[PDB]
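As structure tokens, one chain now follows by itself in the form deposited in one PDB entry.
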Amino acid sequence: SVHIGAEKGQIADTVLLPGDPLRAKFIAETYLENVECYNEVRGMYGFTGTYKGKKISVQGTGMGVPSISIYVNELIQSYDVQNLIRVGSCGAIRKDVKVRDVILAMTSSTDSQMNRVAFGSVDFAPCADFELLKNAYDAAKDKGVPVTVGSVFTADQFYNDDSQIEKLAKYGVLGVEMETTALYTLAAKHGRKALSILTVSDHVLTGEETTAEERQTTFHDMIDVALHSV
């Protein structure tokens, strides 16, 4: 596969997709037994290991829709990947979204033209896989993790005129990131199961703000919720 230097099935059915290829490293080392490293292309590191005896892979995606699309496609098409879970952060855009909250995206709004190219006249609303999502909600509530379930906004521009999120907050969108629409759509197209699990990086239209401690907690917190989701 053009972008991923890996042997067939040297990659798990299940892949966690952080934006950062260095958090990809971190997650493997700090959470998985028997750490393999299949990919080193573009520094976009890929890893495979076990957790509670089960095989789990970890691939960094880079940032923005066009980048994650690249990896999700190859992972799916060239490695028959079955379950793809994003684990990154997002900028909180409501006030009723707390820094501790862990976010499960049912859907996402986007300004990426990825869908309009393919569909034209249709606002295409992408979709988390319920089984994956329910499992994550269950895995959250049993351990008693703070968890919100709603939509996010997959943006093309980190720095924007940003008129959008101010309007999107008014419709109950929870936060902004740059990957989810791309995951959900490509996963749905190819018959796979996708879900996006996200922590708060900071409040964009500040209601409150974040410390290094709060992130370290919610980060770890999110990885668990993901891992136990199967």
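Sequential numbering from 1, following the sequence displayed. Between two forms, the rigid core is defined as the largest C-alpha subset superposing within 1.5 Å.
The same protein also has a form deposited in another entry, omitted here; what follows describes it.
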- [ ] Using a rigid core alignment, state whether the CA of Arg215 is displaced by 2 Å or more between this form and the one not shown.
- [x] yes
- [ ] Using the form shown as baseline, tell whether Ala24 and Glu213 are closer or farther in Cα-Cα distance in that other deposited form, where the change reaches 3 Å or more.
- [x] closer
Task: Residue pair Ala24, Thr210 - Cα distance in that other deposited form, closer or farther (3 Å or more) - done: closer
